[PDB]
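Engineer:
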Amino acid sequence: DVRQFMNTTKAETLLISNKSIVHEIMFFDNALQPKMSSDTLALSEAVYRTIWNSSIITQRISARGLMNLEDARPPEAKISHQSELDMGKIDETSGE
Amino acid sequence: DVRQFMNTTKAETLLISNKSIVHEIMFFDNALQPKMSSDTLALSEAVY
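Protein chains in written order, with the entry's author numbering: chain C, 1059 to 1154; chain C', 1059 to 1106. A prime marks a further copy of an entry chain.
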């Protein structure tokens, strides 16, 4: 949400805390970057980042990106896992 | 000048003339078309 992505905490504060308070951090994804028009001059200065999640933080991502950057499947788009679209019978006694 | 390119004469008039009058015609070039962003859906109908 490049329009509405904040920068909540600078790292100078993740080293000052009572070790028992959970911060909240806003990660920004851009893996589905369109390849801009073949007119713009390539950039000259990049963007930095400091924090890095040490483990997996994506269990609640059903789908990432509905685009078509080349009018086909974007080579890193993620459709949902077949596990979450199962409709099996129920034991007629206790739902479940 | 896609912004300011007219369409002066339709061909139905280049066949009606006294053979001695010079028309003026505006040709439009676009050979240096940028290849637009790899996001837009390819077009469906061309230009004649």
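A virtual CB, placed ideally from N, CA and C, is assigned to each residue, including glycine.
What does the alpha-carbon distance come out to for the pair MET1084 of chain C and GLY1123 of chain C?
Structural biologist: As a position in the first sequence, residue 1084 of chain C is number 26, starting the count at 1. As a position in the first sequence, residue 1123 of chain C is number 65, starting the count at 1. Distance between the alpha carbons of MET1084 of chain C and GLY1123 of chain C is about 19 Å.
Engineer: Please check the pair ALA1135 of chain C and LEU1072 of chain C, which I expect to be a contact at CB under 8 Å, by giving their CB distance rounded to whole angstroms.
Structural biologist: Against the first sequence, residue 1135 of chain C aligns to sequence position 77. Against the first sequence, residue 1072 of chain C aligns to sequence position 14. Not a contact, Cβ separation roughly 32 Å.
Engineer: Determine, using beta carbons only, whether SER1095 of chain C and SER1095 of chain C' come nearer to each other than 8 Å.
Structural biologist: Numbered from 1 along the first sequence, position 37 holds the residue referred to as residue 1095 of chain C. Numbered from 1 along the second sequence, position 37 holds the residue referred to as residue 1095 of chain C'. Yes, these two residues count as a Cβ contact at 8 Å.
Engineer: Checking the sheet assignment: what are the DSSP bridge partners for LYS1136 of chain C?
Structural biologist: Position 78 of the first sequence, counted from the first residue, corresponds to residue 1136 of chain C. Per DSSP, C:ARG1122.
Engineer: Here's a check: name, in chain order, each residue in its chain whose Cβ is nearer than 7 Å to the Cβ of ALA1121 of chain C, leaving out the five neighbours to either side.
Structural biologist: On the first sequence, residue 1121 of chain C is found 63 positions in, with the first residue counted as 1. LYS1136, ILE1137 and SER1138, listed in sequence order.
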